[PDB]
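Taking it in order: structure first as structure tokens, then the write-up.
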Amino acid sequence: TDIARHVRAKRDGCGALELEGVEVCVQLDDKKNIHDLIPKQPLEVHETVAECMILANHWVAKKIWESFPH
RNA sequence: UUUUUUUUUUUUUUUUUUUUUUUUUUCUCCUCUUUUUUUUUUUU
């Protein structure tokens with residue numbers, strides 16, 4: 001939690017653009033038919049893991065660029 | 001006291017052959033309406 005919170009702190013002091021999409025989820029029972037629909041949401045922990053893997057993939061891309069130029 | 005005679009089941013067998021699924025019609029034909037076309041993002 002703390003690590004993610006403050007990786008967020010930094011890379012928003014830089015300043016990202018965090019926006020959203022109109023996404024909905026669907027549950028299907030035994031009969032395979034629509035019990036109900038439910039709008040889904042972005043959760044704190046989604047943001048945490050999103051930024052952890054952003055920074056990860058970022059260092060990855062750095063490594064592989066300085067490692068292979070063209 | 002009533003003798004004698006009037007044929008019967010066609011003859012024949014020791015002939016060659018080098019093709020081939022099917023088969024033969026039916027004309028030109030008015031697709032109705034918020035749009036440029038949305039798009040990163042993350043959790044599978």
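By convention in this document, the chains of the structure tokens carry letters A, B, ... by their order, each chain's residues are numbered from 1, and ligands are numbered from 1 in the order they are shown.
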
Q: Tell me, as a PyMOL selection string, which residues lie within 12 Å of range 54-67 of chain A, counting only C-alpha atoms (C1' of nucleotides); anything in the same chain fewer than 3 positions away does not count.
A: (chain A and resi 3-4+7-8+10-11+16+46-51+70) or (chain B and resi 41-42)

(Q) Based on the backbone DSSP call, show me all residues of chain A assigned strand (DSSP E or B), as number ranges by chain. (A) A: 24-28, 34-39

(Q) Between CA of residue 43 in chain A and CA of residue 13 in chain A, what distance in Å does the model show, to one decimal? (A)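 Going from CA of residue 43 in chain A over to CA of residue 13 in chain A covers 21.0 Å.
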
Q: Based on DSSP run over this structure's backbone, return all residues of range 9-40 of chain A in alpha helix (DSSP H), as a ChimeraX atom specification.
A: /A:9-14

**Q.** Atomic distance CA of residue 14 in chain A - CA of residue 42 in chain A, expressed in Å with one decimal
**A.** 21.6 Å

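What separates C1' of residue 43 in chain B from CA of residue 29 in chain A is a distance of 22.6 Å.
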